[PDB]
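J.: Starting off with a structure, shown below.
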Amino acid sequence: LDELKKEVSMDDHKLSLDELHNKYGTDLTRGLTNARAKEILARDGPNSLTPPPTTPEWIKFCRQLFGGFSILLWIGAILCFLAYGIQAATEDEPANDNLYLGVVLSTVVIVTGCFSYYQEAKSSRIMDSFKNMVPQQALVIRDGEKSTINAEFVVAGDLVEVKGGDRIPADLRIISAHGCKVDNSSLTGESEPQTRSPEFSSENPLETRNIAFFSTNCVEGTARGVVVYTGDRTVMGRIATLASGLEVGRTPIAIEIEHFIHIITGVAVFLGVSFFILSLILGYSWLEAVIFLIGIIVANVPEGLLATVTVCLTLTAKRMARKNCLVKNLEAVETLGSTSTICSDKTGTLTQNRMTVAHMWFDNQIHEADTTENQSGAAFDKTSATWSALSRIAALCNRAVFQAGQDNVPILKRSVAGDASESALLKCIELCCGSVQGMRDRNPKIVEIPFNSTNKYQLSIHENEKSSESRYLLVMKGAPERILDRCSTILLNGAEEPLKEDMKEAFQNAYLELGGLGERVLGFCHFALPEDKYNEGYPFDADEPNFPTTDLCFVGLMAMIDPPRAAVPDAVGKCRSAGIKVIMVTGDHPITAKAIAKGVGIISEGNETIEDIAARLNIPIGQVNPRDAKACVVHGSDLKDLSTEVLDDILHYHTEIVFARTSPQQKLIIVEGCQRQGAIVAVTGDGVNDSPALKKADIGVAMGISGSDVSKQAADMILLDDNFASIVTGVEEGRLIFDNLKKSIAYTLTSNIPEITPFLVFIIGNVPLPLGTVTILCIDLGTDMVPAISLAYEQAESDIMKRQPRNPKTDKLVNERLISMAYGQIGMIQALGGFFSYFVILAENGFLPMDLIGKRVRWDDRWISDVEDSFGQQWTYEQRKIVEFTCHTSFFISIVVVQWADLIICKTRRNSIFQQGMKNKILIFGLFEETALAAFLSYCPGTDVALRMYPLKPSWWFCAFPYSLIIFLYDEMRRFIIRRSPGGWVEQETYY
Amino acid sequence: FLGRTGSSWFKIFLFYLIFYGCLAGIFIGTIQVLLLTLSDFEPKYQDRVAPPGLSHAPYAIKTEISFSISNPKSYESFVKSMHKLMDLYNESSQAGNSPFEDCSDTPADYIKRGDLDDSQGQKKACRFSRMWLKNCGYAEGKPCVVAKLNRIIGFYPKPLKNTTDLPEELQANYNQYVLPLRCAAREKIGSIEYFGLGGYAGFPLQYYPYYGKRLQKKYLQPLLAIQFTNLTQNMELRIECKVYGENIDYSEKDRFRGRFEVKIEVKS
Amino acid sequence: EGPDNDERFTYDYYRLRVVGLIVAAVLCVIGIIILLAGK
Ligand SMILES: *[C@@H]1O[C@H](CO)[C@@H](O[C@@H]2O[C@H](CO)[C@@H](O)[C@H](O)[C@H]2NC(C)=O)[C@H](O)[C@H]1NC(C)=O
Ligand SMILES: CC(C)CCC[C@@H](C)[C@H]1CC[C@H]2[C@@H]3CC=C4C[C@@H](O)CC[C@]4(C)[C@H]3CC[C@]12C
Ligand SMILES: *[C@@H]1O[C@H](CO)[C@@H](O)[C@H](O)[C@H]1NC(C)=O
Ligand SMILES: [K+]
Ligand SMILES: [Mg+2]
Ligand SMILES: [Tl+]
Ligand SMILES: [Tl+]
């Protein structure tokens, strides 16, 4: 469906103005007829974007109500009402058991539904942001007259007019223009104004001057044009549809959840029906056969687990909110940890998005300035008298000014009225020479010639601030070579000197080096005009050369670039140390893209492209073995004629990849290419041209300050302070939460065994029921909750940023090793500790373990109010039941006591508690509150009716203590083996 | 295979065999020590049987014994359980001076055979003739229910003293030696008739305290036969038999705590 | 005692409940203290 939109567009900028009118039945001068425009409206439809059909929240909520655990809990809830129905008909049961348990279980499903619904959130308003880029109104020429109309009423063929400050209402063929410049950052991510004129200037319509696009704005001048595309058919309207239309897809974390749901659901249905038939064979009435099944359901399903996961995710997202990293989708909290490839935009993401002075060439020396936002570098020069001469030209031969009321904000961050290069120079001098306004007050400008297309220079004449002179100084800047052809002397370390071929060659060298760094280079020179030839009232003519512009003194060079953000180089290296592959994907030109790649460490030192090898060896590129080149730089124009299989080979064959001059669909294609190889991919960006890529990414991260509204709609995560170091933190947090989920899951599952085994022995042994159904829910929904959550606050056991990204195909959240430990080893020890306390309670009340076998028949018989114990005493029905429920209560408390040790062992997968310590305060809180809850549930009056919880005698609490301790020792010995031999036996069997 | 290789499948079996073996051996060990802390003659706790329960022979479907007099197999179900109990009180079961003793044919005081020790043989229990149960196949019309006080080791059932008012106000009040049992329904549409030891409507105190199964096997607890020769027919009659005493109490939950709940209906 | 051994069939479940609830409360307070050592 969207495969059409993933392709590069076709256009009609090649046609003549006249020819273009024939195609759209239009007038170049009079414009369309009121009737013809209305006709075309009904024909083509409105100049608007329609949002894609969404899935209502209704269906979204209910889709969770049927996912493995909820299905089993539904079967339980209904099976409760089943047994209740069968009762209400047969023998009038005045009880509330099956009825209430059926109500409780149905509530558990609904509430669990809210948790998973909260986790599976999708806040997407892509198409809405795009719609915000179409103006409310447009100016059209109809019947030879200009009028404002609803922009939706704009059709292909009419004559549109735009001017500085307004949004392009539709894709236009420029037919007339006067000084028109446009901001195409929507399509390129670059905000430098692009001229628009009627002349065709490139085969590529996205590069030609005679096309203006919807989603962009006119920055200055005026233009008229013929509408060629409207609504969904515009270049960026298609990007809108592509972006808004892209299928979301399941996250890595989501896939893991479903996976263990299958496992646990599997064992549940297995043991469920395996013992349902095992009971009927033993001659159990279907009346009972279902009651046992309900218990089996409740025992096997970890009722509180899915909600635990959600809370652990939420708490991890809260910590990241506190580092200026907003998470829109709870699952995106983990994806960053599983990320193996980052596709990053350059401008406004890796870079500050601001022309900044990078180097200066004066005194036959290359000086480097500090490009960082917060200025974390050092000085370059202050002493040289040459510097002050260059500094003066940079301030004086400059027409840029700071906007009013910025004195509060830092120099480099403040808004400037002017072109990017003049702003850069302004901020450079203001920083290291103080107020520039002061320099422009001490040296009043009397005449100037602003930068001309033809002159290729800008000159200014000022009254020298010096009192002993107060004469006229000439300053000029422009193209380095043009400035050179106008110089005779060079200000070396203070004093001038003739411009010999020697210094002239050093100039060329300096010029070539700075240009090689992808930096824009300017020349600077001045000339102190002779006093006798220029009186204090001498008039200077700016129109006609009234003053010399030759034999001037060359002062120096200055170079500039849109520099990396301070934290970016280090963040890139850190991603790469964690084994994450970092690719650059930018709409910017290749020379600039490549230079920043080396600056931030995308391309490491020494690594070459095929073009680099060819130039170094002075040989044809076809003569170069492409396998000798680990780095590559791909232009979008070449990308366009490559198949995906060939794109896949590029991705496979290079470690250091730069995709430059890419369109928005091309970014999507590169992302999909990476994913196709089985990689989890993150995208980082800030422009509307990142929207499709951000949507398709497993996780999209947008910049918060510099980011466009669209990009932040398309993302899963926002960096609110533009701190790229947050990606590094995000991946670290993502890995940590993945491990801690394992700990929390194992902990929760472990207590399933002591809830399953009593029901089994109840059938096979014919003893009184050791633990009840209600009692199970008091564990999974009550006591285990806070402890399970607390594992989310566990510190790393080792340097997680030192390991490679997990293999999502092999490294699962829940594997066989977890089940073996939780179900086969620790849970089994917990089961016994439960049974022990059960036998203790009964034996101390007169029913010794031996006489318990095959007694349930008489025990449950409501009409036998005289059962004989081991000592020959006789018990009524309700009397023995009180002891039985007291058994449920102590078995319950036994679970809590054995979960104490389990909580401590689940703390660490490898390390010892004596190494990791007990610095998790939430965990300790869990221990205290868990025990408080259990005690309250046993001793609070009335709980014997609502939950069948009975007061325990002090000695009862200590039954499971020896089992709780064996768990601690056992797991500590086991992990001691793991560490002592990384070989594999204990490791490959039990290492979560 | 599914998971691993044969070598791995073996090792995982050798482990869980030794592992579960140890766990079973430990579990058994903790059961040993538990038993080691317990007496053979007396349970550690008795507060959960404390107030004695009162149970009868007619096995009630739901605290009810409804049947038809004009039908044979209508009551043959209740006669099965009635027989089961009384079959134990046979004279052939009580033979010789061992381990039985002839006790007062009239309600007497308690009898202490020492302590709950094995320092003596089987503590000798009082004989009880089912022949003390006058009038009661059993009552084919108007049932002859048999009551019973639940056995509790070392329990001395203490009758109420005639200090103040009483339900069966002072009639045949053998204050010193009889634990009374008065059945009731207002709703007085019946005819209560009690049979027992010495002809009294109670339990003779000479059968106490019970020394337990280990120290007193073949022991016989006193019975109290109750006959309802009601002149009514074809209606559910809720009859409650209540025992009175200092150590006797009741509960709204446990409807068998020192009392009966019988729903007789001679639907003939 | 002899016939006056009523205490054998008695248990102070009332005190046990009072003590049990005291303990539960104090464990609840202790937990808050440790948690609130930083929020
Ligand atoms: C306990 O006493 C009952 C009294 O009914 C015995 O029942 C006797 O059963 C035999 C054989 O079935 C009959 O011939 C008699 O008529 C019954 N009564 C009597 C008085 O002998 C019963 O057998 C006795 N049980 C034991 C174990 O001795
Ligand atoms: C109540 C009692 C009788 C039930 C005992 C169940 C035992 C036999 C179960 C419980 C957990 C189970 C193990 C759980 C995990 C694994 C790892 C997997 O890669 C192979 C199977 C294996 C090794 C299972 C074998 C059987 C097992 C040990
Ligand atoms: C009980 O049986 C005796 C004979 O043993 C008889 O005289 C008497 O009438 C019977 N009593 C009743 C109330 O039927
Ligand atoms: K995404
Ligand atoms: Mg950008
Ligand atoms: Tl469970
Ligand atoms: Tl659990």
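Chain labels run A, B, ... following the order of the structure tokens; each chain numbers its residues from 1, and ligands are numbered from 1 in the order shown.
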Just want the 9 Å neighbourhood of stretch 87-101 of chain A, counted on only C-alpha atoms, with same-chain residues fewer than 5 positions away dropped. Output as a list in words.

T.: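 My reading of the contact set: residues 77, 79, 80, 81, 82, 106, 287, 291, 773 and 774 of chain A.
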
J.: Which residues are close to stretch 1-18 of chain C, i.e. within 8 Å by only C-alpha atoms, leaving aside same-chain residues fewer than 4 positions away? Reply as an MDAnalysis selection string.

T.: (chainID A and resid 939:941 951 953) or (chainID B and resid 45:50 156 247) or (chainID C and resid 22)

J.: I need the chosen residues saved as a CSV table (one decimal), in the first residue's frame, with N, CA and C atoms.

T.:
```csv
chain,number,residue,atom,x,y,z
A,939,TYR,N,-4.3,-11.6,62.2
A,939,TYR,CA,-4.6,-11.2,63.5
A,939,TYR,C,-5.8,-10.2,63.6
A,940,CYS,N,-6.1,-9.5,62.5
A,940,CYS,CA,-7.2,-8.6,62.4
A,940,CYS,C,-8.5,-9.3,62.6
A,941,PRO,N,-9.3,-8.8,63.5
A,941,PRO,CA,-10.6,-9.5,63.8
A,941,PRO,C,-11.6,-9.3,62.7
A,951,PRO,N,-6.0,-16.6,63.5
A,951,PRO,CA,-4.8,-16.2,64.3
A,951,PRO,C,-3.8,-17.3,64.4
A,953,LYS,N,-0.4,-19.0,66.3
A,953,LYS,CA,0.3,-18.9,67.6
A,953,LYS,C,1.8,-18.6,67.2
B,45,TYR,N,-2.3,-29.4,72.1
B,45,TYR,CA,-3.4,-28.4,72.3
B,45,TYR,C,-4.8,-29.1,72.3
B,46,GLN,N,-5.7,-28.5,73.1
B,46,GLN,CA,-7.1,-29.0,73.2
B,46,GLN,C,-8.1,-27.9,73.2
B,47,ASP,N,-7.7,-26.7,72.9
B,47,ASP,CA,-8.6,-25.5,72.9
B,47,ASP,C,-9.6,-25.5,71.7
B,48,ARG,N,-9.3,-26.4,70.7
B,48,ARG,CA,-10.1,-26.4,69.5
B,48,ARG,C,-11.2,-27.5,69.6
B,49,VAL,N,-11.2,-28.3,70.6
B,49,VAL,CA,-12.3,-29.3,70.8
B,49,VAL,C,-13.0,-28.9,72.1
B,50,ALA,N,-12.4,-27.9,72.8
B,50,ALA,CA,-12.8,-27.5,74.2
B,50,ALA,C,-14.2,-27.7,74.5
B,156,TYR,N,-13.5,-33.1,82.5
B,156,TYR,CA,-14.5,-33.4,83.5
B,156,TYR,C,-15.8,-32.5,83.3
B,247,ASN,N,-18.8,-26.5,81.9
B,247,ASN,CA,-17.9,-26.6,80.8
B,247,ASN,C,-18.5,-26.7,79.5
C,22,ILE,N,-0.2,-5.3,67.4
C,22,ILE,CA,0.8,-4.4,67.8
C,22,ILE,C,2.1,-4.6,66.9
```

J.: With a cut-off of 7 Å and counting only C-alpha atoms, select all residues of chain A in contact with chain B and give the selection as JSON, numbers by chain.

T.: {"A": [832, 844, 845, 846, 863, 865, 866, 871, 872, 873, 874, 875, 876, 878, 879]}

J.: Just want the 7 Å neighbourhood of stretch 111-118 of chain B, counted on only C-alpha atoms, with same-chain residues fewer than 3 positions away dropped. Output as a PyMOL selection string.

T.: chain B and resi 41+121+123+206+208-209+211

J.: Any chance you can output those residues with N, CA, C and O atoms as a PDB file, in the first residue's frame?

T.:
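Output file again_19.pdb is given in full below:
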```pdb
ATOM      1  N   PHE B  41       0.148 -39.905  74.856  1.00  0.00           N
ATOM      2  CA  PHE B  41      -1.097 -40.061  75.617  1.00  0.00           C
ATOM      3  C   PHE B  41      -2.027 -38.844  75.524  1.00  0.00           C
ATOM      4  O   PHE B  41      -3.239 -38.962  75.718  1.00  0.00           O
ATOM      5  N   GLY B 121      -1.167 -50.371  83.359  1.00  0.00           N
ATOM      6  CA  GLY B 121      -1.692 -50.965  82.130  1.00  0.00           C
ATOM      7  C   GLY B 121      -2.836 -50.153  81.550  1.00  0.00           C
ATOM      8  O   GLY B 121      -2.933 -48.945  81.780  1.00  0.00           O
ATOM      9  N   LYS B 123      -6.004 -48.418  81.495  1.00  0.00           N
ATOM     10  CA  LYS B 123      -6.914 -47.852  82.489  1.00  0.00           C
ATOM     11  C   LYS B 123      -8.306 -48.450  82.304  1.00  0.00           C
ATOM     12  O   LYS B 123      -8.845 -48.457  81.197  1.00  0.00           O
ATOM     13  N   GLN B 206     -19.365 -40.916  86.240  1.00  0.00           N
ATOM     14  CA  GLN B 206     -18.429 -41.994  86.575  1.00  0.00           C
ATOM     15  C   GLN B 206     -17.645 -42.506  85.361  1.00  0.00           C
ATOM     16  O   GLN B 206     -16.766 -43.357  85.496  1.00  0.00           O
ATOM     17  N   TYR B 208     -15.830 -40.517  83.495  1.00  0.00           N
ATOM     18  CA  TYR B 208     -14.878 -39.440  83.246  1.00  0.00           C
ATOM     19  C   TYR B 208     -13.787 -39.405  84.319  1.00  0.00           C
ATOM     20  O   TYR B 208     -14.012 -39.870  85.436  1.00  0.00           O
ATOM     21  N   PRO B 209     -12.595 -38.873  83.981  1.00  0.00           N
ATOM     22  CA  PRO B 209     -12.207 -38.346  82.671  1.00  0.00           C
ATOM     23  C   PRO B 209     -11.770 -39.437  81.696  1.00  0.00           C
ATOM     24  O   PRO B 209     -11.330 -40.508  82.119  1.00  0.00           O
ATOM     25  N   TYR B 211      -9.223 -41.110  79.266  1.00  0.00           N
ATOM     26  CA  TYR B 211      -7.756 -41.180  79.298  1.00  0.00           C
ATOM     27  C   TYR B 211      -7.121 -41.328  77.910  1.00  0.00           C
ATOM     28  O   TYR B 211      -5.897 -41.432  77.786  1.00  0.00           O
TER      29      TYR B 211
END
```

J.: So that I can check the surroundings of residue B:92, please list as an MDAnalysis selection string every protein, DNA and RNA residue that reaches within 12 Å of it, counting only C-alpha atoms and ignoring chain neighbours fewer than 6 positions away.

T.: chainID B and resid 100 127:130

J.: Counting only C-alpha atoms and all ligand atoms, what are the residues, protein, DNA or RNA alike, that approach ligand 6 to within 9 Å? I want them as a compact mmCIF listing (two decimals) with N, CA and C atoms, in the first residue's frame.

T.:
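Output file part21.txt follows:
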```
# COMPACT_ATOMS: atom_id res chain seq x y z
N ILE A 296 -6.52 -25.25 40.41
CA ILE A 296 -5.37 -25.45 39.52
C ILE A 296 -5.10 -24.19 38.69
N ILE A 297 -6.16 -23.59 38.15
CA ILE A 297 -6.06 -22.36 37.37
C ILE A 297 -5.39 -21.26 38.18
N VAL A 298 -5.94 -21.01 39.37
CA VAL A 298 -5.49 -19.94 40.25
C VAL A 298 -4.04 -20.16 40.68
N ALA A 299 -3.69 -21.42 40.93
CA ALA A 299 -2.33 -21.78 41.32
C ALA A 299 -1.29 -21.53 40.21
N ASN A 300 -1.63 -21.92 38.98
CA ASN A 300 -0.72 -21.83 37.84
C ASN A 300 -0.53 -20.43 37.26
N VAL A 301 -1.62 -19.66 37.20
CA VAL A 301 -1.56 -18.30 36.70
C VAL A 301 -0.97 -17.38 37.77
N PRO A 302 0.13 -16.67 37.44
CA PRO A 302 0.66 -15.66 38.35
C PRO A 302 -0.13 -14.35 38.23
N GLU A 303 -1.21 -14.24 39.01
CA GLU A 303 -2.20 -13.17 38.87
C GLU A 303 -1.65 -11.76 38.90
N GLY A 304 -0.56 -11.55 39.63
CA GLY A 304 -0.03 -10.21 39.82
C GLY A 304 1.19 -9.88 38.98
N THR A 748 8.29 -14.12 41.34
CA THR A 748 6.85 -14.25 41.31
C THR A 748 6.46 -15.68 40.98
N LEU A 749 7.14 -16.28 40.01
CA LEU A 749 6.85 -17.65 39.60
C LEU A 749 7.18 -18.67 40.67
N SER A 751 6.81 -18.82 43.79
CA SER A 751 5.73 -19.07 44.74
C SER A 751 4.51 -19.78 44.12
N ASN A 752 4.55 -20.07 42.82
CA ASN A 752 3.49 -20.85 42.17
C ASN A 752 3.49 -22.30 42.62
N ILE A 753 4.68 -22.85 42.83
CA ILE A 753 4.81 -24.26 43.21
C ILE A 753 4.13 -24.55 44.55
N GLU A 755 1.76 -23.25 45.77
CA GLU A 755 0.32 -23.07 45.60
C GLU A 755 -0.31 -24.19 44.75
N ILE A 756 0.51 -24.81 43.90
CA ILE A 756 0.10 -25.93 43.05
C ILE A 756 0.13 -27.26 43.81
N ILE A 776 -4.31 -18.15 47.96
CA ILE A 776 -3.41 -17.94 46.83
C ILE A 776 -3.43 -16.48 46.35
N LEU A 777 -4.63 -15.93 46.18
CA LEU A 777 -4.80 -14.52 45.78
C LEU A 777 -4.27 -13.53 46.82
N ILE A 779 -1.53 -13.97 48.30
CA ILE A 779 -0.11 -13.99 48.01
C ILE A 779 0.21 -13.19 46.74
N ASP A 780 -0.35 -13.63 45.61
CA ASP A 780 -0.01 -13.07 44.30
C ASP A 780 -0.50 -11.66 44.10
N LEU A 781 -1.60 -11.33 44.78
CA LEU A 781 -2.19 -10.00 44.70
C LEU A 781 -1.84 -9.15 45.92
```

J.: Can you list every residue in stretch 243-382 of chain A that DSSP puts in strand (DSSP E or B), as an MDAnalysis selection string?

T.: chainID A and resid 325:327 341:344 351 356:362 365:368

J.: Per residue of chain A within 8 Å of chain C, note the shortest atom pair and the distance in Å to one decimal, counting only C-alpha atoms, and order the rows by chain and increasing residue number, as a Markdown table.

T.:
```
| residue | atom | partner | partner_atom | distance |
| --- | --- | --- | --- | --- |
| A:921 | CA | C:35 | CA | 5.7 |
| A:922 | CA | C:35 | CA | 6.1 |
| A:924 | CA | C:31 | CA | 7.5 |
| A:925 | CA | C:31 | CA | 5.0 |
| A:926 | CA | C:31 | CA | 7.9 |
| A:928 | CA | C:31 | CA | 5.2 |
| A:929 | CA | C:28 | CA | 5.7 |
| A:931 | CA | C:24 | CA | 7.4 |
| A:932 | CA | C:24 | CA | 4.5 |
| A:933 | CA | C:24 | CA | 7.3 |
| A:935 | CA | C:24 | CA | 5.5 |
| A:936 | CA | C:24 | CA | 5.9 |
| A:939 | CA | C:17 | CA | 5.1 |
| A:940 | CA | C:21 | CA | 6.8 |
| A:941 | CA | C:17 | CA | 7.9 |
| A:951 | CA | C:17 | CA | 6.9 |
| A:953 | CA | C:16 | CA | 7.4 |
```

J.: Which chains and residue numbers are within 10 Å of ligand 4, counting only C-alpha atoms and all ligand atoms, if I want them as a ChimeraX atom specification?

T.: /A:122,246-251,329,332,681-683,691-701,714-717

J.: Quick one: write out the picked residues with C-alpha atoms as an mmCIF file, in the first residue's frame?

T.:
```cif
data_model
loop_
_atom_site.group_PDB
_atom_site.id
_atom_site.type_symbol
_atom_site.label_atom_id
_atom_site.label_comp_id
_atom_site.auth_asym_id
_atom_site.auth_seq_id
_atom_site.Cartn_x
_atom_site.Cartn_y
_atom_site.Cartn_z
ATOM 1 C CA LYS A 122 0.124 4.562 21.212
ATOM 2 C CA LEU A 246 3.117 2.963 8.735
ATOM 3 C CA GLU A 247 2.155 -0.090 10.782
ATOM 4 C CA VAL A 248 3.370 0.371 14.364
ATOM 5 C CA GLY A 249 4.364 -3.237 15.179
ATOM 6 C CA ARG A 250 5.240 -5.114 18.379
ATOM 7 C CA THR A 251 8.149 -4.003 20.583
ATOM 8 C CA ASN A 329 5.332 4.711 25.404
ATOM 9 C CA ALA A 332 10.198 2.118 24.773
ATOM 10 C CA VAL A 681 17.070 -0.151 15.490
ATOM 11 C CA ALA A 682 16.825 3.243 17.158
ATOM 12 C CA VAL A 683 16.373 6.482 15.196
ATOM 13 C CA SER A 691 9.086 11.398 10.738
ATOM 14 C CA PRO A 692 8.795 8.196 8.629
ATOM 15 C CA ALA A 693 12.110 6.810 9.947
ATOM 16 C CA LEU A 694 11.125 7.667 13.540
ATOM 17 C CA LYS A 695 7.802 5.868 13.134
ATOM 18 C CA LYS A 696 9.353 2.731 11.623
ATOM 19 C CA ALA A 697 12.192 2.566 14.152
ATOM 20 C CA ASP A 698 11.762 0.039 16.977
ATOM 21 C CA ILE A 699 12.279 3.190 19.059
ATOM 22 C CA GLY A 700 12.312 6.744 17.765
ATOM 23 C CA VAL A 701 13.958 9.428 19.869
ATOM 24 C CA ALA A 714 6.539 10.308 15.559
ATOM 25 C CA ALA A 715 8.874 9.452 18.433
ATOM 26 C CA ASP A 716 8.591 7.139 21.431
ATOM 27 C CA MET A 717 10.943 9.247 23.547
#
```

J.: Near stretch 375-388 of chain A, within 6 Å and counting only C-alpha atoms, which residues show up once chain neighbours fewer than 4 positions away are dropped, as a PyMOL selection string?

T.: chain A and resi 367+370+493-494

J.: Restrict the selected residues to N, CA, C and O atoms and save them as a CSV table (one decimal), in the first residue's frame.

T.:
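After the write, result_37.csv holds the following:
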```
chain,number,residue,atom,x,y,z
A,367,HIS,N,44.5,28.4,14.1
A,367,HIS,CA,44.0,28.4,15.5
A,367,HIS,C,42.6,27.8,15.5
A,367,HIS,O,41.8,27.9,14.6
A,370,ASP,N,36.5,27.3,20.2
A,370,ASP,CA,35.7,26.4,20.9
A,370,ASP,C,34.3,26.4,20.3
A,370,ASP,O,33.6,27.4,20.4
A,493,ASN,N,51.9,39.3,13.1
A,493,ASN,CA,52.2,39.5,14.5
A,493,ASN,C,52.2,41.0,14.9
A,493,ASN,O,52.7,41.3,16.0
A,494,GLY,N,51.5,41.8,14.1
A,494,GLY,CA,51.5,43.3,14.4
A,494,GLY,C,51.8,44.1,13.3
A,494,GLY,O,51.0,44.9,12.8
```

J.: Applying 12 Å and only C-alpha atoms, which residues near residue B:85 remain after dropping the ones on its own chain fewer than 3 positions away? List them as a VMD selection string.

T.: chain B and resid 55 to 59 78 to 82 88 to 90 130 145 to 148 220 to 223 225

J.: Which polymer residues have any atom within 7 Å of an atom of stretch 181-187 of chain A, counting only C-alpha atoms, with same-chain residues fewer than 2 positions away left out, as a PyMOL selection string?

T.: chain A and resi 179+189-196+215-221+663+687-689

J.: Please, which residues have at least one atom within 12 Å of an atom of ligand 3, using only C-alpha atoms and all ligand atoms, listed as a list in words?

T.: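 Residues satisfying the distance criterion: residues 131, 132, 133, 134, 135, 136, 138, 139, 140, 141, 142, 143, 144, 191, 192, 193, 194, 195, 226, 227, 228, 229, 230 and 231 of chain B.
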
J.: DSSP says alpha helix (DSSP H) for which residues of stretch 18-84 of chain B? Put them as a list in words?

T.: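 Checking each residue of stretch 18-84 of chain B, the alpha helix (DSSP H) ones are residues 18, 19, 20, 21, 22, 23, 24, 25, 26, 27, 28, 29, 30, 31, 32, 33, 34, 35, 36, 76, 77, 78, 79, 80, 81, 82, 83 and 84 of chain B.
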
J.: Taking only C-alpha atoms and all ligand atoms into account, list the residues no farther than 8 Å from ligand 5, as a ChimeraX atom specification.

T.: /A:189-190,345-349,353,586,685-687,689-690,707

J.: Go ahead and write the selection's residues with N, CA, C and O atoms as a short mmCIF file (atom, residue, chain, number, x, y, z; two decimals), in the first residue's frame.

T.:
```cif
data_model
loop_
_atom_site.label_atom_id
_atom_site.label_comp_id
_atom_site.auth_asym_id
_atom_site.auth_seq_id
_atom_site.Cartn_x
_atom_site.Cartn_y
_atom_site.Cartn_z
N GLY A 189 16.00 19.02 6.31
CA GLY A 189 16.44 19.20 7.68
C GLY A 189 17.40 20.37 7.83
O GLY A 189 17.89 20.64 8.92
N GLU A 190 17.66 21.07 6.72
CA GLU A 190 18.56 22.24 6.70
C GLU A 190 17.76 23.53 6.52
O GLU A 190 16.97 23.65 5.58
N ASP A 345 20.03 11.23 12.44
CA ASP A 345 20.06 12.48 11.71
C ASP A 345 21.30 13.24 12.19
O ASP A 345 21.84 12.94 13.26
N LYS A 346 21.76 14.20 11.40
CA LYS A 346 22.89 15.04 11.81
C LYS A 346 22.44 16.39 12.38
O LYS A 346 22.68 16.68 13.56
N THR A 347 21.79 17.20 11.55
CA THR A 347 21.50 18.60 11.88
C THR A 347 20.42 18.77 12.96
O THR A 347 19.26 18.42 12.76
N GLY A 348 20.83 19.30 14.11
CA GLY A 348 19.91 19.50 15.24
C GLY A 348 19.83 18.29 16.16
O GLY A 348 19.15 18.32 17.20
N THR A 349 20.51 17.22 15.76
CA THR A 349 20.59 15.99 16.53
C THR A 349 22.03 15.78 17.02
O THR A 349 22.33 16.02 18.19
N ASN A 353 23.01 22.79 15.23
CA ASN A 353 22.21 23.47 14.22
C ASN A 353 22.42 24.99 14.23
O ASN A 353 21.47 25.78 14.29
N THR A 586 21.30 11.62 6.73
CA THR A 586 21.06 13.05 6.69
C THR A 586 20.63 13.56 5.31
O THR A 586 21.03 13.02 4.27
N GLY A 685 16.40 11.95 15.75
CA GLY A 685 16.15 13.04 14.80
C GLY A 685 15.41 14.23 15.40
O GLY A 685 15.06 14.22 16.58
N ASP A 686 15.15 15.25 14.58
CA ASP A 686 14.53 16.48 15.08
C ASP A 686 13.68 17.18 14.02
O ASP A 686 13.01 18.16 14.31
N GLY A 687 13.75 16.70 12.79
CA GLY A 687 13.03 17.35 11.70
C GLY A 687 11.82 16.56 11.23
O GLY A 687 11.64 15.40 11.58
N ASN A 689 11.47 15.66 8.28
CA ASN A 689 12.04 14.68 7.35
C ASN A 689 12.54 13.41 8.05
O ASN A 689 13.04 12.49 7.40
N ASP A 690 12.42 13.37 9.38
CA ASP A 690 12.77 12.19 10.16
C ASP A 690 11.51 11.41 10.54
O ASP A 690 11.60 10.30 11.08
N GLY A 707 13.62 20.05 18.28
CA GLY A 707 12.72 19.20 17.50
C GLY A 707 11.46 19.88 16.98
O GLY A 707 10.85 20.69 17.67
#
```
